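Where a number appears in this text, it was derived from the coordinates with a stated rule and is not lab data. For neighbour counting, all protein chains shown are included, and Cβ atoms are generated from backbone atoms with ideal geometry for every residue, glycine included.
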Amino acid sequence: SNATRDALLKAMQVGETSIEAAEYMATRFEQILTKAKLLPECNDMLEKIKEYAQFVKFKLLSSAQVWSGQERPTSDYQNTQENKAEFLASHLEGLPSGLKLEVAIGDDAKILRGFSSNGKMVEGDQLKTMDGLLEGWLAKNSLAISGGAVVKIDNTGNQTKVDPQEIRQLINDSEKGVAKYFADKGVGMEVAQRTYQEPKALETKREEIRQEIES
């Protein structure tokens, strides 16, 4: 049980606590490795730590921002969401700059979303406005988030499965996309689609790093 191993493991654990700690995790790993003269032999561990930090940042942002949209509730789901969004689009003051939406659609239709401002988590009523606008865009395209997945909703409220690549290209569309919907609602923003990462993939990445630390 060498002290460097405990330090690296604590650095990984601390980096998983918050987005700021994840942004600084790779720097801390480099400090520990250089202080132990473990570079350039441990360069691969540092590269994996940087990539893991990016994965952890998106995981923390998506998880912390809890989705409160109507899963099963439908009926007149389209018009009600559109009206709530026409309201959210007047009460737009007090929204930060550099707004970014990170969205991942898996091959199994699983969806993850994160709203960020200049690299910082959007919280509170600001987050409520952004999520309401996203729910409005979803309703306009007859879409809902149920069970952590994107589903198509019929007028009566029937839930059907959706095609992932179709939704991926719909998000980035110039006319029917999220960015256009937000802009027409008075919100300047950037949409950055990222690859969906299932839990087991993140667990494998973490296990790789941990095994290299314990080696």
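Taking the Cα centre of the chain as origin, sum charge times position over the Cβ atoms of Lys and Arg (+1) and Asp and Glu (-1), and report the length of that vector in debye to the nearest 20. If you can, show how the numbers build up before the last one.
Values: 28 positive and 34 negative charges, 63 e Å.
Computed charge dipole of the chain: roughly 300 debye.
Which ³J(HN,Hα) values, rounded to whole Hz and listed in residue order, are derived for the range 93-100 from phi using the Karplus coefficients 6.51, -1.76 and 1.60 in 6.51 cos²θ - 1.76 cosθ + 1.60 with θ = phi - 60°, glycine and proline given as x?
Coupling constants for the range 93-100: 5, x, 9, x, 8, x, 6, 9 Hz.
Test of the criteria: in the range 29-59, which trypsin sites (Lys or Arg not before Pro) are in a DSSP loop and have at most 11 other Cβ atoms within 10 angstrom of their Cβ?
Here the sparse-neighbourhood loop sites are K37.
Provide the descending list of Cα extents for the range 3-64 along its principal axes, expressed in whole angstroms.
Computed over the Cα atoms, the extents are 37, 20, 13 Å.
For each pair in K140/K180; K110/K185; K50/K205, compute the distance between the two Cα atoms and list the pairs where it is over 18 Å.
Long pairs (Cα-Cα over 18 Å): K110/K185.
Report the Cα centroid-to-centroid distance between the range 164-185 and the range 32-91 in angstrom, as an integer.
Here the two parts' Cα centres lie 19 Å apart.
Just round it to a whole percent: the fraction of Cα-Cα distances in the chain exceeding 26 Å.
Roughly 43 percent, once rounded to a whole number.
Round to the nearest 0.05 the FRET efficiency obtained for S18 and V66 when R0 = 22 Å and r is the Cβ-Cβ distance.
The pair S18/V66 has a calculated efficiency of 0.85.
Rounded, prolate or oblate: which fits the range 56-173 when a ≥ b ≥ c are the square roots of the eigenvalues of the alpha-carbon gyration tensor, with rounded for a/c under 1.5 and prolate only if a/b beats b/c?
In terms of gyration-tensor shape, oblate.
Looking at the range 70-134, what % of the alpha carbon pairs are farther apart than 15 Å?
Cα-Cα pairs in the range 70-134 separated by more than 15 Å: 60 percent.
To the nearest 20 Debye, how big is the dipole of the range 3-64 about its Cα centre, given +1 on the beta carbon of each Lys and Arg and -1 on that of each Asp and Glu?
Using Cβ point charges on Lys, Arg, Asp and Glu, the range 3-64 gives about 120 debye.
Could you list the GluC sites (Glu not before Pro) in the range 121-199 that lie in coil according to DSSP, counting only those with at most 13 other Cβ atoms within 10 Å of their Cβ?
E123, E175
With a Förster radius of 30 Å, plug the Cβ-Cβ distance of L39 and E207 into 1/(1 + (r/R0)^6) and report the FRET value to the nearest 0.05.
Working from the Cβ atoms, E equals 0.85.
Tally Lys/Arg at +1 and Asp/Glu at -1 over every other residue whose Cβ is under 12 Å from the Cβ of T34; what's the total?
With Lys, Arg at +1 and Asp, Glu at -1, the neighbours total +1.
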